[PDB]
$ cat input06.cif   # mmCIF, C-alpha atoms and all ligand atoms
data_my_file
loop_
_atom_site.label_atom_id
_atom_site.label_comp_id
_atom_site.auth_asym_id
_atom_site.auth_seq_id
_atom_site.Cartn_x
_atom_site.Cartn_y
_atom_site.Cartn_z
CA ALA A 3 1.43 -18.69 24.31
CA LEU A 4 -0.99 -15.79 23.77
CA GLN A 5 -0.80 -14.60 27.37
CA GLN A 6 2.22 -12.48 26.43
CA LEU A 7 0.17 -10.45 23.96
CA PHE A 8 -2.63 -9.73 26.43
CA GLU A 9 -0.12 -8.75 29.08
CA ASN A 10 1.69 -6.56 26.57
CA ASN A 11 -1.58 -4.82 25.73
CA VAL A 12 -2.61 -4.17 29.33
CA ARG A 13 0.80 -2.58 29.94
CA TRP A 14 0.75 -0.55 26.68
CA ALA A 15 -2.72 0.82 27.36
CA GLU A 16 -1.99 1.64 31.02
CA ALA A 17 1.29 3.33 30.04
CA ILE A 18 -0.48 5.57 27.54
CA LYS A 19 -3.18 6.47 30.11
CA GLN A 20 -0.56 7.58 32.65
CA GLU A 21 0.95 10.07 30.21
CA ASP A 22 -2.57 10.98 28.97
CA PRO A 23 -5.64 9.36 30.58
CA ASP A 24 -7.97 10.72 27.88
CA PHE A 25 -5.87 9.52 24.94
CA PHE A 26 -8.20 6.70 23.88
CA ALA A 27 -11.46 8.44 24.82
CA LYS A 28 -10.56 11.35 22.57
CA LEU A 29 -9.42 9.13 19.69
CA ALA A 30 -12.64 7.08 19.85
CA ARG A 31 -14.83 10.10 19.16
CA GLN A 32 -14.08 10.50 15.43
CA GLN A 33 -12.18 9.11 12.45
CA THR A 34 -9.96 11.65 10.72
CA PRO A 35 -6.90 9.97 9.25
CA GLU A 36 -5.24 11.99 6.51
CA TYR A 37 -3.55 8.94 4.93
CA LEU A 38 -4.49 5.54 3.52
CA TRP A 39 -1.63 3.06 3.59
CA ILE A 40 -1.69 0.27 1.03
CA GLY A 41 1.16 -2.11 1.78
CA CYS A 42 2.34 -5.68 2.07
CA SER A 43 1.24 -8.13 4.78
CA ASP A 44 4.96 -8.88 5.44
CA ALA A 45 5.49 -8.69 9.23
CA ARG A 46 8.60 -6.55 8.79
CA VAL A 47 6.70 -3.64 7.20
CA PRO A 48 4.32 -2.25 9.86
CA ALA A 49 2.89 1.07 8.64
CA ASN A 50 2.59 3.33 11.70
CA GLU A 51 6.06 2.64 13.11
CA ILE A 52 7.81 3.07 9.74
CA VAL A 53 6.61 6.66 9.26
CA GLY A 54 6.29 7.49 12.97
CA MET A 55 2.50 7.90 13.06
CA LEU A 56 0.01 7.44 15.90
CA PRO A 57 -3.21 5.44 16.21
CA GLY A 58 -5.84 7.48 14.30
CA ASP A 59 -3.45 8.77 11.59
CA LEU A 60 -3.23 5.91 9.04
CA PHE A 61 -6.17 3.99 7.55
CA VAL A 62 -4.56 0.68 6.51
CA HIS A 63 -4.90 -2.13 4.01
CA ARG A 64 -2.31 -4.86 3.78
CA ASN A 65 -2.28 -7.85 1.45
CA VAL A 66 0.43 -10.07 -0.02
CA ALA A 67 2.71 -7.90 -2.17
CA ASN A 68 0.48 -4.78 -1.92
CA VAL A 69 -1.58 -5.53 -5.01
CA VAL A 70 -4.50 -3.36 -6.16
CA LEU A 71 -6.77 -5.28 -8.55
CA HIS A 72 -9.69 -3.72 -10.36
CA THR A 73 -12.15 -6.46 -9.39
CA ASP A 74 -10.99 -6.89 -5.79
CA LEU A 75 -13.73 -5.50 -3.59
CA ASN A 76 -11.55 -6.06 -0.49
CA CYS A 77 -8.89 -3.47 -1.36
CA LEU A 78 -11.29 -1.33 -3.43
CA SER A 79 -13.70 -1.00 -0.49
CA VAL A 80 -10.91 0.27 1.75
CA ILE A 81 -9.94 2.80 -0.92
CA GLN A 82 -13.55 3.80 -1.52
CA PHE A 83 -14.26 4.23 2.18
CA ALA A 84 -11.03 6.14 2.66
CA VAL A 85 -11.63 8.45 -0.31
CA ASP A 86 -15.40 8.91 -0.15
CA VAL A 87 -16.20 8.80 3.55
CA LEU A 88 -13.00 9.57 5.45
CA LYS A 89 -11.71 11.96 2.77
CA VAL A 90 -8.07 11.06 3.24
CA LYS A 91 -5.74 13.42 1.43
CA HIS A 92 -3.07 10.85 0.47
CA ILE A 93 -2.96 7.21 -0.56
CA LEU A 94 0.45 5.76 0.22
CA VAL A 95 1.19 2.72 -1.96
CA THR A 96 4.21 1.15 -0.23
CA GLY A 97 5.93 -1.98 -1.48
CA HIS A 98 9.18 -3.28 -0.04
CA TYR A 99 12.46 -4.72 -1.27
CA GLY A 100 12.93 -8.49 -0.92
CA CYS A 101 9.15 -9.03 -1.11
CA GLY A 102 8.31 -12.76 -1.03
CA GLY A 103 5.19 -12.24 -3.13
CA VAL A 104 7.21 -10.49 -5.81
CA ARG A 105 9.99 -13.09 -5.55
CA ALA A 106 7.61 -16.04 -5.97
CA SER A 107 6.23 -14.42 -9.15
CA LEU A 108 9.74 -14.57 -10.63
CA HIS A 109 10.01 -18.26 -9.93
CA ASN A 110 8.05 -21.29 -11.13
CA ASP A 111 7.09 -23.02 -7.89
CA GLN A 112 3.39 -23.42 -7.18
CA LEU A 113 2.54 -21.96 -3.79
CA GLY A 114 -1.15 -22.70 -4.09
CA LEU A 115 -4.09 -20.31 -3.92
CA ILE A 116 -1.74 -17.33 -3.73
CA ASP A 117 -0.52 -18.19 -7.29
CA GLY A 118 -3.65 -16.54 -8.69
CA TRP A 119 -3.29 -13.54 -6.40
CA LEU A 120 0.25 -12.78 -7.61
CA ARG A 121 -0.29 -13.48 -11.32
CA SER A 122 -0.49 -9.74 -12.08
CA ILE A 123 3.12 -9.43 -10.89
CA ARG A 124 3.97 -12.31 -13.17
CA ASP A 125 2.43 -10.29 -16.06
CA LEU A 126 4.69 -7.41 -15.07
CA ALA A 127 7.77 -9.62 -15.08
CA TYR A 128 6.80 -10.82 -18.58
CA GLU A 129 6.07 -7.27 -19.72
CA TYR A 130 9.52 -6.13 -18.50
CA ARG A 131 11.44 -9.34 -19.23
CA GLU A 132 13.91 -7.57 -21.55
CA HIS A 133 14.73 -5.08 -18.78
CA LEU A 134 14.91 -7.72 -16.01
CA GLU A 135 17.07 -10.07 -18.12
CA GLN A 136 19.76 -7.31 -18.26
CA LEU A 137 20.09 -7.37 -14.45
CA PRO A 138 22.87 -9.74 -13.32
CA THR A 139 21.63 -11.01 -9.91
CA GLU A 140 18.26 -12.39 -8.77
CA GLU A 141 18.10 -10.00 -5.79
CA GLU A 142 18.44 -7.18 -8.30
CA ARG A 143 15.64 -8.52 -10.48
CA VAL A 144 13.42 -9.07 -7.46
CA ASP A 145 14.16 -5.58 -6.14
CA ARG A 146 13.54 -3.86 -9.47
CA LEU A 147 10.31 -5.84 -9.89
CA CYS A 148 9.31 -4.67 -6.38
CA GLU A 149 9.68 -1.11 -7.68
CA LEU A 150 7.84 -1.77 -10.95
CA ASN A 151 5.04 -3.36 -8.94
CA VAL A 152 4.55 -0.30 -6.70
CA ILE A 153 4.54 1.97 -9.78
CA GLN A 154 1.91 -0.25 -11.39
CA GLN A 155 -0.31 -0.27 -8.29
CA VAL A 156 -0.14 3.55 -8.12
CA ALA A 157 -1.45 3.65 -11.69
CA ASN A 158 -4.18 1.11 -10.77
CA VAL A 159 -5.33 3.18 -7.77
CA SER A 160 -5.36 6.35 -9.91
CA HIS A 161 -7.43 4.68 -12.66
CA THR A 162 -10.32 3.76 -10.38
CA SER A 163 -13.51 5.75 -10.80
CA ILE A 164 -13.32 6.15 -7.02
CA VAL A 165 -10.22 8.33 -7.30
CA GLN A 166 -11.26 10.00 -10.56
CA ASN A 167 -14.69 10.95 -9.17
CA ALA A 168 -12.96 12.53 -6.13
CA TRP A 169 -10.93 14.69 -8.50
CA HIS A 170 -14.06 15.49 -10.56
CA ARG A 171 -15.77 16.92 -7.46
CA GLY A 172 -12.71 19.01 -6.57
CA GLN A 173 -11.43 16.87 -3.71
CA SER A 174 -7.67 17.06 -2.99
CA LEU A 175 -6.14 13.59 -3.25
CA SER A 176 -2.67 12.32 -4.12
CA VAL A 177 -1.59 8.75 -4.78
CA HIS A 178 2.05 8.13 -3.93
CA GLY A 179 4.42 5.25 -4.58
CA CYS A 180 7.09 4.40 -2.02
CA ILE A 181 9.28 1.38 -1.34
CA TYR A 182 10.50 0.24 2.06
CA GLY A 183 13.94 -1.24 2.68
CA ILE A 184 13.70 -4.15 5.12
CA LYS A 185 17.51 -4.15 5.25
CA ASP A 186 17.89 -0.50 6.32
CA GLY A 187 14.55 0.69 7.67
CA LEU A 188 14.30 3.41 5.04
CA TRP A 189 11.03 4.45 3.35
CA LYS A 190 11.87 5.80 -0.08
CA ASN A 191 9.82 7.84 -2.53
CA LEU A 192 9.65 6.39 -6.05
CA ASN A 193 8.41 9.81 -7.21
CA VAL A 194 5.40 8.63 -9.20
CA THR A 195 2.79 10.75 -7.43
CA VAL A 196 -0.52 11.34 -9.23
CA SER A 197 -2.82 14.10 -8.00
CA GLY A 198 -5.19 14.90 -10.86
CA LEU A 199 -7.01 13.77 -14.00
CA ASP A 200 -4.60 15.50 -16.37
CA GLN A 201 -1.90 12.98 -15.47
CA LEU A 202 -3.87 9.90 -16.59
CA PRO A 203 -3.53 8.42 -20.08
CA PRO A 204 -6.64 9.08 -22.22
CA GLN A 205 -7.43 5.35 -22.34
CA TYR A 206 -8.05 5.37 -18.58
CA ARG A 207 -9.87 8.67 -18.09
CA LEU A 208 -13.52 8.42 -17.14
CA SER A 209 -16.05 11.21 -17.69
CA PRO A 210 -17.82 12.74 -14.66
CA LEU A 211 -21.18 11.34 -13.52
K K A 301 6.45 -12.10 7.12
K K A 302 -7.93 16.82 -11.39
ZN ZN A 303 5.92 -8.40 0.65
#
$ encode --input "input06.cif" --output "structure tokens" --more "lines below"
Ligand SMILES: [K+]
Ligand SMILES: [K+]
Ligand SMILES: [Zn+2]
Amino acid sequence: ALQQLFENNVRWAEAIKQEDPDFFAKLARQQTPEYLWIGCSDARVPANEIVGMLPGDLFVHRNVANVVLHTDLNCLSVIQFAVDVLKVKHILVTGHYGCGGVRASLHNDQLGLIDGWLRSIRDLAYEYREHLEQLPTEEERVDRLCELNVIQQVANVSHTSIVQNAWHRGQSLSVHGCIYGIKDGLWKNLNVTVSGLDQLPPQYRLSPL
């Protein structure tokens, strides 16, 4: 039954218009979000609610396990539009604990097409296998890998010419890594924020145009 969703929407919109009848008309007139949210598709991690933001505040991309790949024009086009056209001040890379995408990459079952999508997380598990082997429970390994994945995606975002060229032309932009707890509702900083060229390894730094 879809009728519930339509009815929900009619009531939501009418409720907002009673408190402020111009709410939508005003929002529709320009696009000025200050944040881009890059997170997981997981239904339990909706961006606006988690950080108490309103329509118009958060430009959003969501994919399975919040992965930022250097040849993915889907995610890269969101970033590029956000950085170049909307001039968002912050990119919030948010992963979450218990992530199914991350969990599947630690196991050996074929899930299909998504196997290729997640293989970068598999590389990370291999890269940190000596660290992950040390952890006694699977939930612990999954959760730590969730963290490692966010930190890696922050690096990936920061390495794009999109972000570097913004810095080159003096634009203020920070890439943050956070992780959401589906068990406790808490959005936690991983403290891996990058805000300028001087923080990138030399191997990744691109010269200005
Ligand atoms: K879900
Ligand atoms: K800089
Ligand atoms: Zn997830």
$ residues_near_ligand --input "input06.cif" --ligand "ligand K 302 (chain A)" --cutoff "6 Å" --atoms "all atoms listed in the file" --output "list in words"
residues 169, 198 and 199 of chain A
$ residues_around --input "input06.cif" --residues "region 170-175 of chain A" --least-positions-apart "2" --cutoff "8 Å" --atoms "only C-alpha atoms" --output "number ranges by chain"
A: 90-93, 165-168, 177, 197-198, 210
$ closest_residue --input "input06.cif" --among "A:9, A:59, A:145, A:200" --to "residue 36 (chain A)" --atoms "all atoms listed in the file"
A:59
$ residues_around --input "input06.cif" --residues "residue 161 (chain A)" --least-positions-apart "4" --cutoff "10 Å" --atoms "all atoms listed in the file" --output "ChimeraX atom specification"
/A:72,155-157,165-166,199,202-203,205-208
$ closest_residue --input "input06.cif" --among "A:34, A:139, A:201, A:5" --to "residue 85 (chain A)" --atoms "all atoms listed in the file"
A:34
$ closest_residue --input "input06.cif" --among "A:101, A:94, A:75, A:184" --to "residue 143 (chain A)" --atoms "only C-alpha atoms"
A:101
$ residues_around --input "input06.cif" --residues "residue 100 (chain A)" --least-positions-apart "2" --cutoff "7 Å" --atoms "all atoms listed in the file" --output "VMD selection string"
chain A and resid 98 102 144 to 145
$ closest_atom_pairs --input "input06.cif" --of "chain A" --to "ligand ZN 303 (chain A)" --cutoff "12 Å" --atoms "all atoms listed in the file" --output "CSV"
residue,atom,partner,partner_atom,distance
A:40,CA,A:ZN303,ZN,11.5
A:41,CA,A:ZN303,ZN,8.0
A:42,CA,A:ZN303,ZN,4.7
A:43,CA,A:ZN303,ZN,6.2
A:44,CA,A:ZN303,ZN,4.9
A:45,CA,A:ZN303,ZN,8.6
A:46,CA,A:ZN303,ZN,8.8
A:47,CA,A:ZN303,ZN,8.1
A:48,CA,A:ZN303,ZN,11.2
A:64,CA,A:ZN303,ZN,9.5
A:65,CA,A:ZN303,ZN,8.3
A:66,CA,A:ZN303,ZN,5.8
A:67,CA,A:ZN303,ZN,4.3
A:68,CA,A:ZN303,ZN,7.0
A:69,CA,A:ZN303,ZN,9.8
A:96,CA,A:ZN303,ZN,9.7
A:97,CA,A:ZN303,ZN,6.8
A:98,CA,A:ZN303,ZN,6.1
A:99,CA,A:ZN303,ZN,7.7
A:100,CA,A:ZN303,ZN,7.2
A:101,CA,A:ZN303,ZN,3.7
A:102,CA,A:ZN303,ZN,5.2
A:103,CA,A:ZN303,ZN,5.4
A:104,CA,A:ZN303,ZN,6.9
A:105,CA,A:ZN303,ZN,8.8
A:106,CA,A:ZN303,ZN,10.2
A:107,CA,A:ZN303,ZN,11.5
A:120,CA,A:ZN303,ZN,10.9
A:123,CA,A:ZN303,ZN,11.9
A:144,CA,A:ZN303,ZN,11.1
A:145,CA,A:ZN303,ZN,11.0
A:147,CA,A:ZN303,ZN,11.7
A:148,CA,A:ZN303,ZN,8.7
A:149,CA,A:ZN303,ZN,11.7
A:151,CA,A:ZN303,ZN,10.9
A:152,CA,A:ZN303,ZN,11.0
A:181,CA,A:ZN303,ZN,10.5
A:182,CA,A:ZN303,ZN,9.9
A:183,CA,A:ZN303,ZN,10.9
A:184,CA,A:ZN303,ZN,9.9
$ residues_around --input "input06.cif" --residues "region 30-32 of chain A" --least-positions-apart "4" --cutoff "12 Å" --atoms "only C-alpha atoms" --output "mmCIF file with C-alpha atoms, in the frame of the given file"
data_model
loop_
_atom_site.group_PDB
_atom_site.id
_atom_site.type_symbol
_atom_site.label_atom_id
_atom_site.label_comp_id
_atom_site.auth_asym_id
_atom_site.auth_seq_id
_atom_site.Cartn_x
_atom_site.Cartn_y
_atom_site.Cartn_z
ATOM 1 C CA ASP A 24 -7.970 10.720 27.880
ATOM 2 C CA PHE A 25 -5.870 9.520 24.940
ATOM 3 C CA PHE A 26 -8.200 6.700 23.880
ATOM 4 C CA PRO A 57 -3.210 5.440 16.210
ATOM 5 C CA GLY A 58 -5.840 7.480 14.300
ATOM 6 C CA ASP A 59 -3.450 8.770 11.590
ATOM 7 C CA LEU A 88 -13.000 9.570 5.450
#
$ atom_distance --input "input06.cif" --atom1 "CA of residue 113 (chain A)" --atom2 "CA of residue 146 (chain A)"
21.9 Å
$ atom_distance --input "input06.cif" --atom1 "atom K of ligand K 301 (chain A)" --atom2 "CA of residue 195 (chain A)"
27.3 Å
$ atom_distance --input "input06.cif" --atom1 "CA of residue 13 (chain A)" --atom2 "CA of residue 187 (chain A)"
26.4 Å
